[PDB]
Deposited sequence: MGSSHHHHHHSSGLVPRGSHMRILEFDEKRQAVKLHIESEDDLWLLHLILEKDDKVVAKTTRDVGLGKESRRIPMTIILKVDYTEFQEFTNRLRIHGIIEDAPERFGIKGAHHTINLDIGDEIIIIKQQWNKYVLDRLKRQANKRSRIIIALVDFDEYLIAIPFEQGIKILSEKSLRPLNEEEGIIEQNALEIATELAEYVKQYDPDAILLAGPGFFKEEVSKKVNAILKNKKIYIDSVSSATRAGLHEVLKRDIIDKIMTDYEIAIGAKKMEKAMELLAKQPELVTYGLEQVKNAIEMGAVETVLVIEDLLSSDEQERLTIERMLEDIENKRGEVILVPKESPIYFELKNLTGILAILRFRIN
C-alpha cells in the first residue's frame, strides 16, 4: 500500500542538482517542503508528495524545478490532483521514491484536524487508518475528545499486531494529548514522540527518515542483547561451554554451524583493516545459517561485561569443545 524504498537527499552542491535532474523520471514521486498560494492569495509553507512530470535545471538561479501533480498534502487545502512546481535549492532536503526500485513499529501521525495510522514492514508500508476530523469539531470536548478517538482507534491496532514500540508524531501539542490518552489505557507498550509539520503520507515518509527510527531500533537491539547476555552468563556457568567467546573460538563454531546467536560490540566493526572485513564476513555466515547477530553499542548495560570477554561471544547450539 506504500513503498519502502525511498532515499533522503541533502542538496549540498549544484551537482546534487544535476543528479536529481538526471535520474528523476516521469512517474516517480518526491517528498519535499514547498509553498502554495491558496485562495485572496496566501503563501503557506507545506510538505507534499509530488508525482513527477519532468524536471528543469535553471542555469541562472542554479536550482531544479520539479513539475508534476500533488499526490498528497494536508486535506484542509483540498489541493490534491493540482499541478505544482517544486523549487529545489542548495540547502533543501528531498526524499526520492523511484518507480523502478527486527523491531516492528506502529506509527500514529496526528494533526489537530487529521490523522494517520500505519505499520512498516521489510515488505512495505501498510496504512491501517487514515481519515479527516475536519467536520468533527465545533466547541464542546473537541481536542480531548478527538485525541481519545485516536487513542482508542490505536489500541485496537496495537493489541491486534502486538508491535514492539509505538511512535506518536505530528505538528505541535496535539500529539502530546493523544500520548496522554493512549498511555492512560495500557502502560504496557513503549511510546515514542517526535514532530513533523503534517499528518499525511508526506509526514509519514518524513518520519521514517528521521532520527527517531534509529533510536527505536537501537533501544530494541540493546534490550534483546541484554537478556541474551544473561542467557549467556547463566548458561556459561552451567552447561558448560554451550557458550564461547573470543574471535577464533567463534570461527570454529561457525564452521560447525553451532552459533545460535552471536553478540558483538560496535568497536569490532570500526576501522580494523583486514579484520573489520573478516568479522563482517563471520557475521554474514552466522545469518546464512539462521544465526542471530546482535550488535552492541557503548550505552548498553551489557557493553562492558561483553568487552571483558574479547567483545564477541556466541551462544552455541551444541558443544564444539
What ranges of the deposited sequence, counted from 1, have no C-alpha atoms in this structure? 1 to 26, 66 to 68, 131 to 144
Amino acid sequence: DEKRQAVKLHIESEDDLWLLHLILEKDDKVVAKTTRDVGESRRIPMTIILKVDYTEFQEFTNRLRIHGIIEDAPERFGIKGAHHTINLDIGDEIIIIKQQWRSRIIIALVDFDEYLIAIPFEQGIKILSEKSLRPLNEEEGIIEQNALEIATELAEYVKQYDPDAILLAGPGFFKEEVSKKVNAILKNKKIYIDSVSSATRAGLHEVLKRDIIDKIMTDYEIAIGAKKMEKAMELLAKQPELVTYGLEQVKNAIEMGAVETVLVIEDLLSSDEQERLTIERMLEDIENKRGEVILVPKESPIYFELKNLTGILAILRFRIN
From here on, numbers count along this sequence of modelled residues.
May I ask you to compare 149 to 157 and 234 to 242 by their mean CA B factor in the entry and name the higher one? 234 to 242
Going by the average Cα B-factor in the PDB entry, point out whether 286 to 294 or 272 to 280 comes out higher. 272 to 280
In terms of recorded Cα temperature factor, pick the maximum from 89, 72, 139, 194. 139
If you check the C-alpha B-factor for each of 126, 205, 80, 215 in the entry, which is highest? 126
Split the chain's modelled residues into thirds by Cα B-factor; residue 35 lands in the middle
Among the modelled residues of its chain, the C-alpha B-factor of residue 198 falls in the third labelled lowest
Looking at the entry's B-factor column for C-alpha atoms only, identify whether residue 314 ranks in the lowest, middle or highest third of its chain. lowest
Based on the entry's values, in what third of the chain does the Cα temperature factor of residue 299 lie: lowest, middle or highest? highest
C-alpha B factor of residue 249, ranked within the chain: lowest, middle or highest third? middle
